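K.L.:
There's a structure below that I have some questions on.
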Amino acid sequence: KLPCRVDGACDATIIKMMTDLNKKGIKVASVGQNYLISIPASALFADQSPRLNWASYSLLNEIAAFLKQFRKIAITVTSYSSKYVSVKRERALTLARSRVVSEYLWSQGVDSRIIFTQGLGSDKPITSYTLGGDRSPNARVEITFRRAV
Amino acid sequence: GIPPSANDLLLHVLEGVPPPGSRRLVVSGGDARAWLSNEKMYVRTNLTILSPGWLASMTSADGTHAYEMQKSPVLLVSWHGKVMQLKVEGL
Amino acid sequence: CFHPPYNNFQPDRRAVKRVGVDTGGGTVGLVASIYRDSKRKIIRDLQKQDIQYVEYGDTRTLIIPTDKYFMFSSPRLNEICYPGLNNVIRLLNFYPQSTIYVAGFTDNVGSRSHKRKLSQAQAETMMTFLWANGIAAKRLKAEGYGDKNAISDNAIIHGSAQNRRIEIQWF
Amino acid sequence: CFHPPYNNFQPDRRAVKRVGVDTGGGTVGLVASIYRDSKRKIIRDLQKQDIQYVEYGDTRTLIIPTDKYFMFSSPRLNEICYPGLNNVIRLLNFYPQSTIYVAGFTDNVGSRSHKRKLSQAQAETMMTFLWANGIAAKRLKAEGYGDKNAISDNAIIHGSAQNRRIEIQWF
Amino acid sequence: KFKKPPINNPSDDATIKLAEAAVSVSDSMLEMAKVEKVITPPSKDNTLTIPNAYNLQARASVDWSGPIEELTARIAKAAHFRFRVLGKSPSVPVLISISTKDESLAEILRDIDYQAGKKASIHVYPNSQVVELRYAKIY
Amino acid sequence: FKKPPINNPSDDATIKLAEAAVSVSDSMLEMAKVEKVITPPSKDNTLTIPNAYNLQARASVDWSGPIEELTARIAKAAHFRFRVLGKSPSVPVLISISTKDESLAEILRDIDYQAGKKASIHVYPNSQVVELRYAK
Amino acid sequence: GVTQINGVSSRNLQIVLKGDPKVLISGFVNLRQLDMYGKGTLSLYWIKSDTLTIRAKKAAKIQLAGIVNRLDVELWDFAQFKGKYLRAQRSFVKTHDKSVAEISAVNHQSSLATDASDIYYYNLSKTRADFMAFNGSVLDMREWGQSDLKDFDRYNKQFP
Amino acid sequence: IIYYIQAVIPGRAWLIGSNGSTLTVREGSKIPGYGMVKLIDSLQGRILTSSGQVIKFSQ
């Protein structure tokens, strides 16, 4: 009569969508009990504007379906971009991008308590090759959480 | 008419030793223990009891709670900001 | 052949033995050598052992468990697990220009000074083993943290077991 | 083709795609185009979605439900229901000289200032969506009323649901 | 064909009865709040006690139904501030219930401070980067 | 393709229920704004951090008893002098400090907050002394 | 040519430019319309108008400050409108390719950016409505450290 | 009486009063009821006076 597992969750399904996201190009990493999802900005937004494409909602649905498989308390969404005009414009752009991404994620049914959003601009790059625009590898959105129990 | 201070059996409940002469109850859905001695439950858990109401309460040094309350087959608790239920059997 | 205690700190001539025994083909031995000397085969062998590799951007990180690669509650290196250490040296040989950081982490059991001293001793031992295989001393730095920034929960058994580790980072 | 988010506010070339796909007849494609570009077909399409059209004398009125064409308790426009908005623009393109009045109405639940502010915000959002598609700013005016002059009873569920609306009148 | 625009999903009479109760509860609260505001006009705002600064403008959406201390510690840790507690915590716990969407951490702290009432208070010192929770001098 | 919210009020009774809940929450927030009374930070009667070099050392205190003994031990650990001005009552002032890693100045601030109107703690750093002053 | 005028008090003014002027006017001007097709720079110090219609075609620099009841701005390409410190109750702004507008709307704001254009606001209006077509963008561009900063309401929360 | 700022520029500001009378204020000038102006802020709508109060925008 008691439940036998977390409802709507399967380890084989978790492995399947992890492999599928890694083949598509969305970076999924797990160290200990911490989980990281890294998405390039070109696969979500337009050329340096906080407007989502219409075709990125399928990828956002896949990310939400991956996120429904775990139990968690807080999620963090952080945005990074590249240098275009000044620092105020890129910080505002990253904050708007994180706001829109977390708005759609909260609209979908993730069972979290708190979602934090920040945009850091271009303060923390991961690659010294900074020749591209939104095609650069260091223009991205990062989703971090910790699996609870 | 000074009211009584507390029940000193909650110290043994805090340590985890059941009261003498009591019987065990089965708790499902969370990390909690319960005993029944004199038609009252004694509950040892580190969660927060929300709905049914308790009569006496003690707290340990590491954050464990001990409650004295009347019998009920259900408990409403808050885990990490989320409200859920615990099932009590064997009453 | 190969000496099991670290091959006397000599560069192992692994390929010539296989291409000399695969003749009684030379092209088949060369194909086997160029397959087994690849970086992905070294990563997959380290994956068969209990050592984790993480690459993100231009930074690479190796995670090594002290519970299997050290003797218990000591800074001594466990000599039974020498293929993992040899594969670590083989993987680190592919980047001859980067700087190396090694860090030690333990769980929450014990005293603060004991945790700091044990982590520092294990970090010094791993840094010395890296130094003795050819890596220069100016490219190395070791640090031991306690239970400062853990990656799992210390209130559960498996999560506390996952927290005792050695981290190797390079650019 | 067609971009689902408002086609980048461009006039859609609907006829040439149909007469280019119905060739492998040109006359059959022209007949289909002149049928589907008619005013009555647009009115019946707006009847297939939940938008009501009332013509009486020389004044025309469109009734649009906020419960389906707006997100809940927000002045945000629901992007899923874009064919109804595109058909509204297509119907309003037939009268390039008239003036437009848009009004917002809610039910009786809430405070008076809250109802007035929500109606005003929804009216401004609908007027801005009309303005961004080509209609000049001097032909537009938006006003938000509360529960002032309702069309159904607010003491019943369906009648209270019928009262939350956007009214578009033109001459 | 004759039609009228709002055609939604079919409704349940239990939800109908709950809505009929909730409307009367809502306008009773509206009348009582109006009378209370007319009798007692407030004169001070908690902007002075809780000011904003940089990296308090990161945003959050929260649905929390538990005690105040863990949520305040999580907000402070996200805002990169130190956390301080003053006073003795009461035996009956101080319970809060927050359900918001996409607002700033200063506004979150102000709503938590207003919902705490006479039991606890929130102070923010931005020069030392300290979020402080103090309990009331009662019991 | 964009999806609707799963817990969306697509029902004509659930819409009314949810907007009634929103109005109730807004009215409760207004009532809380009316009833809450605050103090300005200029006249807040709480001891500030005396930011001397000897008072930034960490400490680990577990104590539940009189204020004078703990304050004397804190002054000895901070290498200050300690003096008392006033008269001890029949019922002593009881505080409770349980911290693992906290500065001595913050411990003194928490002691002064928990003492209330009965006693106050003053710190003089030029002539390094801690004064415990009772209320007449 | 350059022009520096200190003090104009007129109830009506209409300015149209066709070449490359560098003109600044001080005083009190009830402006009504403005069209630029050349390479002009114009700055007025104080205005008190009722309805302004601004059209910028090729490369224009306009700097206004004052009180305007209703403002309409059309930028076509390579045009910069610095309508900061010009508080408008009603604003309608349309920007086409590679043009920049910086507005200060107060009550009602309606903005459209078509393609690789930038619109910036500096005040939180009571009603905001922004639209993006190809690559344009509308940004908040506020301080984040001001002690009296205002948050979004139920009636202003629009997600780009 | 009380004053509110109407428009602001680097260098000077435009003020409106309760009676509807306009005023133009410099960095160094005297206005009635407030005293001496010591600072004019352009990024934020603040005019600091010698009496210890700030003229801001209307609400």
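In the structure tokens, chains take letters A, B, ... by order of appearance, with residues numbered from 1 within each chain and ligands from 1 in the order shown.
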Return chain C as a PDB file with C-alpha atoms, in the first residue's frame, after superposing it on chain D by a least-squares fit that covers all C-alpha atoms paired in order.

P.N.:
ATOM      1  CA  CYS C   1       6.686  30.277 -44.343  1.00  0.00           C
ATOM      2  CA  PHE C   2       5.104  31.600 -41.136  1.00  0.00           C
ATOM      3  CA  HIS C   3       6.829  32.454 -37.864  1.00  0.00           C
ATOM      4  CA  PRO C   4       4.503  31.604 -34.914  1.00  0.00           C
ATOM      5  CA  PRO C   5       5.592  34.592 -32.782  1.00  0.00           C
ATOM      6  CA  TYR C   6       3.642  37.221 -34.771  1.00  0.00           C
ATOM      7  CA  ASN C   7       5.653  36.603 -38.020  1.00  0.00           C
ATOM      8  CA  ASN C   8       8.181  39.304 -36.949  1.00  0.00           C
ATOM      9  CA  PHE C   9       5.382  41.917 -37.375  1.00  0.00           C
ATOM     10  CA  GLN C  10       5.497  41.485 -41.166  1.00  0.00           C
ATOM     11  CA  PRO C  11       2.549  41.231 -43.600  1.00  0.00           C
ATOM     12  CA  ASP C  12       2.091  37.520 -44.250  1.00  0.00           C
ATOM     13  CA  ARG C  13       2.157  36.381 -47.886  1.00  0.00           C
ATOM     14  CA  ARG C  14      -0.501  33.734 -47.322  1.00  0.00           C
ATOM     15  CA  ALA C  15      -1.903  33.411 -50.855  1.00  0.00           C
ATOM     16  CA  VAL C  16       1.298  32.846 -52.850  1.00  0.00           C
ATOM     17  CA  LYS C  17       2.268  29.737 -50.850  1.00  0.00           C
ATOM     18  CA  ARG C  18      -1.113  28.105 -51.515  1.00  0.00           C
ATOM     19  CA  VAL C  19      -1.143  29.010 -55.218  1.00  0.00           C
ATOM     20  CA  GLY C  20       2.441  27.759 -55.482  1.00  0.00           C
ATOM     21  CA  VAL C  21       1.729  24.443 -53.774  1.00  0.00           C
ATOM     22  CA  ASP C  22      -1.492  23.888 -55.772  1.00  0.00           C
ATOM     23  CA  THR C  23       0.349  23.336 -59.063  1.00  0.00           C
ATOM     24  CA  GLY C  24       1.965  19.878 -58.818  1.00  0.00           C
ATOM     25  CA  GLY C  25      -4.243  24.068 -60.614  1.00  0.00           C
ATOM     26  CA  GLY C  26      -3.647  27.803 -60.767  1.00  0.00           C
ATOM     27  CA  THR C  27      -7.346  28.611 -61.156  1.00  0.00           C
ATOM     28  CA  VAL C  28      -8.191  26.239 -58.281  1.00  0.00           C
ATOM     29  CA  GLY C  29      -5.571  27.942 -56.110  1.00  0.00           C
ATOM     30  CA  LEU C  30      -6.943  31.364 -57.061  1.00  0.00           C
ATOM     31  CA  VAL C  31     -10.476  30.224 -56.147  1.00  0.00           C
ATOM     32  CA  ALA C  32      -9.199  28.903 -52.797  1.00  0.00           C
ATOM     33  CA  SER C  33      -7.312  32.169 -52.187  1.00  0.00           C
ATOM     34  CA  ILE C  34     -10.306  34.388 -52.990  1.00  0.00           C
ATOM     35  CA  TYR C  35     -12.488  32.181 -50.770  1.00  0.00           C
ATOM     36  CA  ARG C  36     -10.156  32.142 -47.752  1.00  0.00           C
ATOM     37  CA  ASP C  37      -9.280  35.852 -48.041  1.00  0.00           C
ATOM     38  CA  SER C  38     -12.945  36.882 -47.801  1.00  0.00           C
ATOM     39  CA  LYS C  39     -14.350  38.771 -44.825  1.00  0.00           C
ATOM     40  CA  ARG C  40     -16.957  36.096 -44.046  1.00  0.00           C
ATOM     41  CA  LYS C  41     -14.285  33.378 -43.849  1.00  0.00           C
ATOM     42  CA  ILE C  42     -12.283  35.531 -41.408  1.00  0.00           C
ATOM     43  CA  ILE C  43     -15.449  36.082 -39.337  1.00  0.00           C
ATOM     44  CA  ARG C  44     -16.194  32.337 -39.369  1.00  0.00           C
ATOM     45  CA  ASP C  45     -12.614  31.524 -38.310  1.00  0.00           C
ATOM     46  CA  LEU C  46     -12.947  34.033 -35.454  1.00  0.00           C
ATOM     47  CA  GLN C  47     -16.240  32.246 -34.681  1.00  0.00           C
ATOM     48  CA  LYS C  48     -14.361  28.925 -34.515  1.00  0.00           C
ATOM     49  CA  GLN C  49     -12.130  30.662 -32.003  1.00  0.00           C
ATOM     50  CA  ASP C  50     -13.788  32.168 -28.930  1.00  0.00           C
ATOM     51  CA  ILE C  51     -14.129  35.744 -30.259  1.00  0.00           C
ATOM     52  CA  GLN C  52     -17.553  37.296 -30.870  1.00  0.00           C
ATOM     53  CA  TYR C  53     -18.397  39.745 -33.675  1.00  0.00           C
ATOM     54  CA  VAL C  54     -21.422  42.070 -33.465  1.00  0.00           C
ATOM     55  CA  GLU C  55     -22.465  44.425 -36.278  1.00  0.00           C
ATOM     56  CA  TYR C  56     -25.385  46.813 -35.764  1.00  0.00           C
ATOM     57  CA  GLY C  57     -25.822  49.845 -37.997  1.00  0.00           C
ATOM     58  CA  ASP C  58     -22.448  51.384 -38.844  1.00  0.00           C
ATOM     59  CA  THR C  59     -20.647  50.264 -35.654  1.00  0.00           C
ATOM     60  CA  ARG C  60     -18.728  46.987 -35.352  1.00  0.00           C
ATOM     61  CA  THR C  61     -17.689  45.345 -32.085  1.00  0.00           C
ATOM     62  CA  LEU C  62     -15.349  42.478 -31.170  1.00  0.00           C
ATOM     63  CA  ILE C  63     -15.569  40.673 -27.816  1.00  0.00           C
ATOM     64  CA  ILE C  64     -12.405  38.879 -26.640  1.00  0.00           C
ATOM     65  CA  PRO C  65     -12.121  36.849 -23.389  1.00  0.00           C
ATOM     66  CA  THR C  66      -9.202  37.699 -21.113  1.00  0.00           C
ATOM     67  CA  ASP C  67      -9.430  34.234 -19.508  1.00  0.00           C
ATOM     68  CA  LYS C  68      -8.121  32.679 -22.742  1.00  0.00           C
ATOM     69  CA  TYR C  69      -6.297  35.569 -24.446  1.00  0.00           C
ATOM     70  CA  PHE C  70      -4.362  36.740 -21.373  1.00  0.00           C
ATOM     71  CA  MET C  71      -2.275  34.933 -18.805  1.00  0.00           C
ATOM     72  CA  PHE C  72      -3.808  34.710 -15.354  1.00  0.00           C
ATOM     73  CA  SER C  73      -4.114  37.964 -13.342  1.00  0.00           C
ATOM     74  CA  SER C  74      -1.430  39.658 -15.444  1.00  0.00           C
ATOM     75  CA  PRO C  75      -1.241  42.131 -18.346  1.00  0.00           C
ATOM     76  CA  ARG C  76       0.849  39.615 -20.321  1.00  0.00           C
ATOM     77  CA  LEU C  77      -0.483  38.397 -23.665  1.00  0.00           C
ATOM     78  CA  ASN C  78      -0.910  34.634 -24.058  1.00  0.00           C
ATOM     79  CA  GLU C  79       1.267  33.650 -27.025  1.00  0.00           C
ATOM     80  CA  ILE C  80      -0.339  30.221 -27.531  1.00  0.00           C
ATOM     81  CA  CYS C  81      -3.537  31.877 -28.848  1.00  0.00           C
ATOM     82  CA  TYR C  82      -1.800  33.775 -31.694  1.00  0.00           C
ATOM     83  CA  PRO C  83      -4.127  32.704 -34.618  1.00  0.00           C
ATOM     84  CA  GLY C  84      -6.985  34.609 -32.973  1.00  0.00           C
ATOM     85  CA  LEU C  85      -4.854  37.751 -32.690  1.00  0.00           C
ATOM     86  CA  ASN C  86      -3.680  37.357 -36.300  1.00  0.00           C
ATOM     87  CA  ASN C  87      -7.302  36.993 -37.439  1.00  0.00           C
ATOM     88  CA  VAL C  88      -8.180  40.117 -35.412  1.00  0.00           C
ATOM     89  CA  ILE C  89      -5.450  42.032 -37.288  1.00  0.00           C
ATOM     90  CA  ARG C  90      -6.684  40.557 -40.598  1.00  0.00           C
ATOM     91  CA  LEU C  91     -10.269  41.651 -39.878  1.00  0.00           C
ATOM     92  CA  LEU C  92      -9.195  45.132 -38.741  1.00  0.00           C
ATOM     93  CA  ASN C  93      -7.125  45.565 -41.924  1.00  0.00           C
ATOM     94  CA  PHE C  94     -10.367  45.867 -43.946  1.00  0.00           C
ATOM     95  CA  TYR C  95     -11.253  49.284 -42.422  1.00  0.00           C
ATOM     96  CA  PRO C  96      -8.276  51.637 -42.903  1.00  0.00           C
ATOM     97  CA  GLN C  97     -10.124  54.897 -42.096  1.00  0.00           C
ATOM     98  CA  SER C  98     -12.076  54.308 -38.865  1.00  0.00           C
ATOM     99  CA  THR C  99     -11.094  55.113 -35.288  1.00  0.00           C
ATOM    100  CA  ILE C 100     -10.652  52.313 -32.750  1.00  0.00           C
ATOM    101  CA  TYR C 101     -11.785  52.167 -29.118  1.00  0.00           C
ATOM    102  CA  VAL C 102     -10.620  49.372 -26.806  1.00  0.00           C
ATOM    103  CA  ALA C 103     -12.069  48.813 -23.332  1.00  0.00           C
ATOM    104  CA  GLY C 104     -11.304  46.363 -20.538  1.00  0.00           C
ATOM    105  CA  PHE C 105     -13.759  44.804 -18.083  1.00  0.00           C
ATOM    106  CA  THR C 106     -13.368  42.498 -15.063  1.00  0.00           C
ATOM    107  CA  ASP C 107     -15.652  40.826 -12.514  1.00  0.00           C
ATOM    108  CA  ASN C 108     -16.544  41.938  -8.968  1.00  0.00           C
ATOM    109  CA  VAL C 109     -13.805  40.024  -7.108  1.00  0.00           C
ATOM    110  CA  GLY C 110     -11.109  42.197  -5.542  1.00  0.00           C
ATOM    111  CA  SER C 111     -10.649  45.859  -4.706  1.00  0.00           C
ATOM    112  CA  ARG C 112     -11.780  48.814  -6.816  1.00  0.00           C
ATOM    113  CA  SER C 113      -8.295  50.195  -7.512  1.00  0.00           C
ATOM    114  CA  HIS C 114      -7.030  46.683  -8.313  1.00  0.00           C
ATOM    115  CA  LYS C 115      -9.873  46.142 -10.809  1.00  0.00           C
ATOM    116  CA  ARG C 116      -9.304  49.553 -12.428  1.00  0.00           C
ATOM    117  CA  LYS C 117      -5.530  49.043 -12.696  1.00  0.00           C
ATOM    118  CA  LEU C 118      -5.855  45.508 -14.110  1.00  0.00           C
ATOM    119  CA  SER C 119      -8.431  46.604 -16.707  1.00  0.00           C
ATOM    120  CA  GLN C 120      -6.319  49.633 -17.668  1.00  0.00           C
ATOM    121  CA  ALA C 121      -3.175  47.487 -18.024  1.00  0.00           C
ATOM    122  CA  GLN C 122      -4.971  44.932 -20.218  1.00  0.00           C
ATOM    123  CA  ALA C 123      -6.452  47.728 -22.363  1.00  0.00           C
ATOM    124  CA  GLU C 124      -3.001  49.321 -22.797  1.00  0.00           C
ATOM    125  CA  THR C 125      -1.516  45.934 -23.758  1.00  0.00           C
ATOM    126  CA  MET C 126      -4.210  45.292 -26.386  1.00  0.00           C
ATOM    127  CA  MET C 127      -3.879  48.856 -27.729  1.00  0.00           C
ATOM    128  CA  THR C 128      -0.087  48.455 -27.978  1.00  0.00           C
ATOM    129  CA  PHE C 129      -0.506  45.156 -29.851  1.00  0.00           C
ATOM    130  CA  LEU C 130      -2.898  46.924 -32.241  1.00  0.00           C
ATOM    131  CA  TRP C 131      -0.441  49.823 -32.654  1.00  0.00           C
ATOM    132  CA  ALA C 132       2.581  47.612 -33.371  1.00  0.00           C
ATOM    133  CA  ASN C 133       0.952  45.958 -36.415  1.00  0.00           C
ATOM    134  CA  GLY C 134       0.602  49.118 -38.511  1.00  0.00           C
ATOM    135  CA  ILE C 135      -2.312  51.087 -37.063  1.00  0.00           C
ATOM    136  CA  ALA C 136      -1.395  54.713 -36.357  1.00  0.00           C
ATOM    137  CA  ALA C 137      -1.367  56.042 -32.801  1.00  0.00           C
ATOM    138  CA  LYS C 138      -3.868  58.850 -33.478  1.00  0.00           C
ATOM    139  CA  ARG C 139      -6.621  56.325 -34.320  1.00  0.00           C
ATOM    140  CA  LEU C 140      -6.373  54.488 -30.980  1.00  0.00           C
ATOM    141  CA  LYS C 141      -7.708  55.069 -27.468  1.00  0.00           C
ATOM    142  CA  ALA C 142      -7.811  52.632 -24.545  1.00  0.00           C
ATOM    143  CA  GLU C 143      -9.934  52.621 -21.399  1.00  0.00           C
ATOM    144  CA  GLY C 144     -10.317  50.250 -18.474  1.00  0.00           C
ATOM    145  CA  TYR C 145     -13.577  50.029 -16.529  1.00  0.00           C
ATOM    146  CA  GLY C 146     -14.115  47.891 -13.469  1.00  0.00           C
ATOM    147  CA  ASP C 147     -17.400  46.112 -12.742  1.00  0.00           C
ATOM    148  CA  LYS C 148     -19.250  49.262 -13.794  1.00  0.00           C
ATOM    149  CA  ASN C 149     -21.600  48.163 -16.607  1.00  0.00           C
ATOM    150  CA  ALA C 150     -21.619  44.366 -16.726  1.00  0.00           C
ATOM    151  CA  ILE C 151     -23.508  42.236 -19.247  1.00  0.00           C
ATOM    152  CA  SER C 152     -24.368  39.276 -16.983  1.00  0.00           C
ATOM    153  CA  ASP C 153     -25.009  38.489 -13.314  1.00  0.00           C
ATOM    154  CA  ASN C 154     -21.991  38.477 -10.994  1.00  0.00           C
ATOM    155  CA  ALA C 155     -23.747  36.310  -8.375  1.00  0.00           C
ATOM    156  CA  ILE C 156     -23.459  33.204 -10.590  1.00  0.00           C
ATOM    157  CA  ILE C 157     -20.324  31.456 -11.795  1.00  0.00           C
ATOM    158  CA  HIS C 158     -20.870  31.378 -15.575  1.00  0.00           C
ATOM    159  CA  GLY C 159     -22.335  34.890 -15.621  1.00  0.00           C
ATOM    160  CA  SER C 160     -19.352  36.210 -13.677  1.00  0.00           C
ATOM    161  CA  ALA C 161     -17.033  34.382 -16.091  1.00  0.00           C
ATOM    162  CA  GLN C 162     -18.749  36.104 -19.032  1.00  0.00           C
ATOM    163  CA  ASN C 163     -17.991  39.576 -17.608  1.00  0.00           C
ATOM    164  CA  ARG C 164     -14.168  39.562 -17.930  1.00  0.00           C
ATOM    165  CA  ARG C 165     -13.635  40.806 -21.466  1.00  0.00           C
ATOM    166  CA  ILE C 166     -11.989  43.170 -23.943  1.00  0.00           C
ATOM    167  CA  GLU C 167     -14.278  45.228 -26.197  1.00  0.00           C
ATOM    168  CA  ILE C 168     -13.064  46.604 -29.543  1.00  0.00           C
ATOM    169  CA  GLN C 169     -15.387  49.103 -31.241  1.00  0.00           C
ATOM    170  CA  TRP C 170     -14.978  50.903 -34.545  1.00  0.00           C
ATOM    171  CA  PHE C 171     -17.163  52.825 -36.975  1.00  0.00           C
TER     172      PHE C 171
END

K.L.:
Pull the alpha helix (DSSP H) assignments for segment 24-93 of chain E out of DSSP run on the backbone, and list those residues as a list in words.

P.N.:
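Across segment 24-93 of chain E, those assigned alpha helix (DSSP H) are residues 24, 25, 26, 27, 28, 29, 30, 31, 32, 33, 34, 35, 36, 37, 38, 39, 68, 69, 70, 71, 72, 73, 74, 75, 76, 77 and 78 of chain E.
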
K.L.:
List every residue of segment 38-159 of chain C that DSSP, applied to the backbone of this structure, assigns to strand (DSSP E or B), and report them as a list in words.

P.N.:
residues 52, 53, 54, 55, 56, 59, 60, 61, 62, 63, 64, 65, 70, 77, 100, 101, 102, 103, 104, 105, 140, 141, 142, 143 and 144 of chain C

K.L.:
Using Å and a single decimal, report how far atom CA of residue 27 of chain A sits from atom CA of residue 148 of chain A.

P.N.:
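Computing the Euclidean distance for atom CA of residue 148 of chain A and atom CA of residue 27 of chain A yields 21.2 Å.
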
K.L.:
In Å to one decimal, how far is atom CA of residue 69 of chain E from atom CA of residue 52 of chain B?

P.N.:
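Atom CA of residue 69 of chain E lies at a distance of 22.8 Å from atom CA of residue 52 of chain B.
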
K.L.:
When you look at residue 82 of chain G with a cut-off of 7 Å (counting only C-alpha atoms), what residues show up, excluding the ones that are within fewer than 6 positions of it in the same chain? I need them as an MDAnalysis selection string.

P.N.:
chainID G and resid 62:63 101:103

K.L.:
Store the residues of this selection in a file with C-alpha atoms, as a compact mmCIF listing (two decimals), in the first residue's frame.

P.N.:
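So selection03.txt came out as:
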# COMPACT_ATOMS: atom_id res chain seq x y z
CA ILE G 62 18.81 64.91 -30.66
CA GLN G 63 19.14 65.96 -27.00
CA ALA G 101 16.72 55.36 -28.28
CA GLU G 102 17.01 56.20 -24.56
CA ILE G 103 13.60 57.13 -23.15
